[PDB]
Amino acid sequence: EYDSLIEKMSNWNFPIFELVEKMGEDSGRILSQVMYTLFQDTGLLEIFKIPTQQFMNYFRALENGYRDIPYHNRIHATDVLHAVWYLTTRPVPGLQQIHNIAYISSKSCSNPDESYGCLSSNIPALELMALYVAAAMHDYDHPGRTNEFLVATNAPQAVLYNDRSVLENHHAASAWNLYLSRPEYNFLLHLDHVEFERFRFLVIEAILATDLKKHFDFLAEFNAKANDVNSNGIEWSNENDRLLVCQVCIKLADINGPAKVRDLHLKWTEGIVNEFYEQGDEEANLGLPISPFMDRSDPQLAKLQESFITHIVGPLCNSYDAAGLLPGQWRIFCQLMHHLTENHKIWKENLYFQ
């Protein structure tokens, strides 16, 4: 069954909802199973001597922490995990290779020629494992509400974190609290104190970058280092530069919807607006002003998708592509860039005509 699933995930437009339907009764374990296959594929199980039992124990507990809410659930976490894996292992045109300090190489694809390069050849294995694990944790115990909702309500979580990245801090904090909750979860037992401390730091930094209030800040920092005409781009020997690359990568993965085929894009859109409408129902019941795009009476779906693709997803993918980090094939053809522009065009048509 391992070969079957890994071949289906080699496609960027991985039909994940077909997988959830295929698992059916055991669909609650999709995040743990996908974690196992990807770590065996990248070889992370053998590189860090990760025991299978503790690995599976923690991530079954982790996926149990995801609620049964429309969007921020196990399937969203599985999708973001798949996206970061694809973006870091697949060949990127014109990118130079360095080591292909441990580095991974995906058994699912080899660089077709020297003109292609992989991010796995430029970022150490420890840093990439943090990105994958952070993708698994990045929305742990999401209550289906926004940060702005919690701060307006003065919810306990918002007061506990002083309104600064409420959901994202809680995700990382409660995930790591779960990790340290039982010795049967310590699958990193073969990492020393320095390596484990650094791993935790990288995971926490990756999770906190998923906050969209800091979106434009991360975008500015990434363009200064990579997309500067007078600078030498990204120095892969720099620890801070690699961290910035990983943070921008996971940001793109957490909002990959518009960068997929319209089928998957619309499915994810359906989920997130259903979560929005549940929050809007509660806002109305509490006598609070309904947040924008959260009233099921006046949806304004076209305006929501159009502004989100144009102001958030658009500039992020264009910056990531201008830096030469998107996987594709030789002009250059980029799959998700074509999907992103196609989805943006359709939603502009729906907006202008309706």
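In this text, residue numbers run from 1 along the sequence as written.
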(Q) For the step residue 174 to residue 175, what size class fits the number of deposited residues with no coordinates, none, 1 to 3, 4 to 9, or 10 or more? (A) none
Q. Higher mean Cα B-factor in the deposited model: 67 to 75 or 101 to 109?
A. 101 to 109
Q. Looking at the deposited entry, does 310 to 318 or 293 to 301 carry the larger mean Cα B-factor?
A. 293 to 301
Q: Name the one of 224, 249, 80, 266 with the greatest CA B-factor according to the PDB entry.
A: 224
Q: Between 258, 271, 143, 93, let me know which has the highest C-alpha B-factor in the entry?
A: 93
Q | Cα B factor band for residue 277 (lowest, middle or highest third within the chain) | A | middle
**Q.** Chain-wide C-alpha B factor ranking for residue 262, given as lowest, middle or highest third
**A.** middle
(Q) How does the C-alpha B factor of residue 152 compare with the rest of the chain: lowest, middle or highest third? (A) lowest
**Q.** Third assignment of residue 236 from its chain's C-alpha B-factors
**A.** middle
**Q.** Lowest, middle or highest third - CA B-factor, residue 127
**A.** lowest
